[PDB]
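Report on the following structure.
No lab work stands behind these numbers, since they all come straight from the coordinates. With ideal geometry, Cβ positions are generated from the backbone for all residues, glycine too; neighbour counts draw on all protein chains shown.
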Amino acid sequence: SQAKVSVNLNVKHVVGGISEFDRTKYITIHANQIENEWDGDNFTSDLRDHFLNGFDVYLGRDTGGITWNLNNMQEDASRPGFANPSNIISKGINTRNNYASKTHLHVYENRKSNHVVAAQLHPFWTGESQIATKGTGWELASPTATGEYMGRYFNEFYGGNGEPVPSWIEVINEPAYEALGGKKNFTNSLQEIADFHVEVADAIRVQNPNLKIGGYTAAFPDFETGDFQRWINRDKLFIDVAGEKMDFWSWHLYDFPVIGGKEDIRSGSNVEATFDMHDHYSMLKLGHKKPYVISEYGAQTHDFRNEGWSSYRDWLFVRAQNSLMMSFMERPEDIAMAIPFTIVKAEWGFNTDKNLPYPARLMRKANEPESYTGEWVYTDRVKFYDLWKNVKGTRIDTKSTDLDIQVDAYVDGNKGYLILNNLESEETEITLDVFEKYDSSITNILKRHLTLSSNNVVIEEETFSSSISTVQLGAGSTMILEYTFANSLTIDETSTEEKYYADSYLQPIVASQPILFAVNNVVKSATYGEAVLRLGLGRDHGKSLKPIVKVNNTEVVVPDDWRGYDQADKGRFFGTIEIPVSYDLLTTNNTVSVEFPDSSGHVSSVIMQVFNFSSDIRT
Ligand SMILES: [Ca+2]
Ligand SMILES: [Ca+2]
Ligand SMILES: [Ca+2]
């Protein structure tokens with residue numbers, strides 16, 4: 001594979017007003033610094049420091065606190081099925097006081113800006129699978145009782161002298177996964193879960209109206225399944241039923257690189273189509289977008305579930321998290337918080353029947369996999385953080401000739417961070433076209449290559465004293481070039497990205513029948529720019545993904561090589577084809593014509609991604 005990556009160090013890339021890397025939202029871990037797992041017999045005396053400070057990692061998410069407390073909360077004697085308010089209060093005092101006493105944890109509040117808390121499914125869920133509180137043995141009366149508890153919980157177990165209230169409250173973790181029949185089900189309705197969210201959110205807001213509340217924390221947002229029936233029955237329905245009650249959308253986005261020997265990957269076009277369709281419908285139905293909390297993402301490793309830790313298994317996660325995070329970094333204004341699902345130790349997740357530890361761990365005992373003994377040492381998932389430890393600064397315009405090379409770049413004064421992320425399993429020779437208007441010289445490039453070498457995660461580093469023109473980006477690998485310039489870079493050009501949504505979505509594809517889309521009110525706020533027509537395509541394998549596309553009745557070239565892999569092992573293709581559209585083809589109200597040679601499937605979403613350049617930066 002070969003790709004040319006253009007890097008315009010003076011062009012700030014703005015979207016939704018955001019043009020700074022937000023490590024508090026992106027470089028995160030599914031932890032809370034209060035968790036005992038940060039302590040213990042660790043390879044270092046201060047794991048919190050070594051990890052959170054050492055790699056400048058942010059927080060975070062936890063569910064056990066609210067779940068344990070509900071599981072052990074006394075019942076309201078006057079209102080069966082409700083948590084007793086005075087016991088929520090009383091227990092909250094002890095929690096806040098305990099927190100206040102953990103003085104050495106208080107510094108890490110400045111890393112908890114996007115604290116996410118989700119209720120676990122039980123005993124919060126009031127549906128058919130509802131169980132009584134594990135400790136006190138009573139069943140939540142209603143979603144209202146659940147929301148009231150949660151509302152009281154967040155009022156009493158946070159604030160005051162205790163832990164600051166979390167910033168993102170997910171109503172309930174992965175409510176549909178089991179109850180609605182799993183990832184391939186598309187017939188079951190999310191109606192009850194949606195009503196659950198509305199009712200819980202109403203009750204939370206009653207107790208605390210200043211909590212951002214989200215749902216439905218989908219385990220697997222798979223919109224295309226069953227001719228998009230799954231989308232209709234679940235995620236569309238959630239927007240329809242709960243949209244006006246949610247402050248944010250919550251998703252878990254997991255690549256499945258090794259599920260029954262299949263490679264079912266969200267990274268690339270699929271996750272893009274997922275955001276695209278959900279955004280598009282949200283625009284059509286609600287008239288606005290909501291931020292996403294990706295409270296779990298990365299990879300799961302099903303074919304390894306009967307195996308312990310391995311570096312390669314960490315790789316599968318590390319590769320997924322990179323490729324997925326790059327997509328989240330393209331949409332900073334839509335991302336409230338994205339947390340790779342990496343638990344510090346997940347001792348609570350140890351599988352005693354299998355004598356295997358939880359798969360998703362920052363730490364492992366040194367003697368693993370051979371023995372669950374020895375001090376806690378890092379898994380190779382730390383290499384992700386190691387690689388990203390320095391990324392900060394102003395996002396600048398980057399571009400790849402190959403959509404499988406996801407590029408981003410951030411300039412922090414005289415430090416430049418160029419991220420090259422390989423969606424594909426091919427090594428790619430990247431030609432670097434780094435343009436800088438003001439001659440500012442490179443004093444140093446630290447080339448940090450996070451890749452798979454001998455089935456282990458490694459960061460291969462080379463250092464350079466002058467510009468480099470080509471790098472080898474490994475298969476599925478991520479490279480950060482940490483540039484140092486003689487002087488702070490002047491970022492006086494601007495690429496303002498605005499996204500525009502067709503007046504229609506989810507359009508059935510009929511052979512030789514053009515699907516006509518209006519993409520209207522496109523502000524061409526500059527003289528120079530470029531646009532990306534984003535066609536969400538949901539089609540069976542074997543159906544064409546190269547429609548004839550016209551923008552304002554001018555035919556535009558549809559790439560044969562879309563962002564990401566082929567999706568062969570996925571149930572079907574669901575992915576956004578990113579179609580270069582020239583700025584001069586764009587007008588205010590645009591028609592998009594999409595015509596396939598074959599029937600079936602749908603143009604799930606149509607988004608015109610418009611980039612408005614302060615100057616002719618492409619030429
Ligand atoms: Ca770009
Ligand atoms: Ca390619
Ligand atoms: Ca591709």
* In whole angstrom, how far apart do the alpha carbon centroids of segment 140-167 and segment 249-281 sit? -> 31
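Which value, in nm² and rounded to one decimal, describes the direction-averaged projected area of the C-alpha convex hull of segment 22-392? Write out the running numbers ahead of the final one.
On the way: hull surface 69.7 nm².
Taking a quarter of the hull surface, the average projection is 17.4 nm².
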* To do: Give me the Debye-computed log₁₀ of I(q)/I(0) at q = 0.16, 0.18, 0.29 Å⁻¹ for segment 37-78, equal point scatterers on Cα only, no solvent, two decimals.
  => -0.61, -0.68, -0.97
* Centre separation in Å (Cα based) which lies between segment 523-548 and segment 313-365 -> 31
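For segment 387-463, what D do you get in µm² per second when you plug the Kirkwood radius from alpha-carbon pairs into Stokes-Einstein at 10 °C and 1.306 mPa s?
Value of D from the Cα-based Kirkwood radius: 114 µm²/s.
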* Structure fact -> Given backbone amide H placed at 1.01 Å from N, residues whose amide H is under 5 Å from that of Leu356, ignoring those fewer than 5 places away on the same chain, are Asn351
* Structure fact -> Ordering 284-293, 96-105 by per-residue average of other C-beta atoms within 10 angstrom, highest first, gives 284-293, 96-105
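When only Cα pairs under 8 Å and 6 or more residues apart are kept, what is the percent relative contact order across the chain?
It comes to 16 percent, rounded to a whole number.
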* Two-decimal log10 I(q)/I(0) for segment 554-604, as the Debye equation yields it once each C-alpha is a single scatterer, q = 0.13, 0.24, 0.32 Å⁻¹ -> -0.42, -1.16, -1.43
* Asked: Given +1 on the Cβ of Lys and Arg, -1 on the Cβ of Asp and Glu, and no further charges, what dipole in debye does segment 1-135 carry about its Cα centre, rounded to the nearest 20?
  -> 380
* Asked: Beyond 18 Å, what share of the Cα-Cα pairs of segment 522-580 remains, rounded to the nearest whole percent?
  -> 41
* **Isotropically averaged projected area of segment 391-518, using the convex hull of Cα atoms (one quarter of hull area), nm²** => 11.3
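Is the C-alpha gyration tensor of segment 197-302 telling us rounded, prolate or oblate? Criteria: a/c under 1.5 is rounded; beyond that, a/b larger than b/c is prolate, otherwise oblate.
Working: a/c = 2.28, a/b = 1.66, b/c = 1.38.
It is prolate, given that a/c is not under 1.5 and a/b is the larger ratio.
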* Structure fact -> Amide H neighbours of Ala31 at under 5 Å, excluding residues fewer than 5 places away on the same chain, with H built from the backbone geometry, are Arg61
* Structure fact -> Rounded to the nearest whole number, the Stokes-Einstein translational diffusion coefficient of segment 495-619 at 4 °C and 1.567 mPa s (Kirkwood radius, C-alpha pairs) in µm²/s is 88
* Asked: Shape call for segment 29-152 from the C-alpha gyration tensor, a ≥ b ≥ c root eigenvalues: rounded (a/c under 1.5), prolate (a/b greater than b/c) or oblate?
  -> prolate
* **5 angstrom amide H check on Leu533, placed H, neighbours 5+ away** => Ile579, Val581, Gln609
* **Alpha-carbon centroid distance for the pair segment 381-422 / segment 568-587, whole angstrom** => 23
* If you rank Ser400, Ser295, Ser45 by fewest surrounding Cβ atoms within 10 Å, what's the result? -> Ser45, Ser400, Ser295
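Kirkwood hydrodynamic radius, the chain, all distinct C-alpha pairs: what's the number in Å?
Evaluated on the chain, it is 25.1 Å.
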* Asked: Which whole-Hz ³J(HN,Hα) couplings does segment 115-126 yield from phi under the Karplus relation 6.51 cos²θ - 1.76 cosθ + 1.60, θ = phi - 60°, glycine and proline marked x?
  -> 4, 9, 10, 10, 5, 6, 4, 10, x, 5, 5, 9
* Asked: Working from the pairwise distances between different alpha carbons, so that the mean of 1/r is found and then inverted, what is segment 321-407's Kirkwood radius in Å?
  -> 15.6
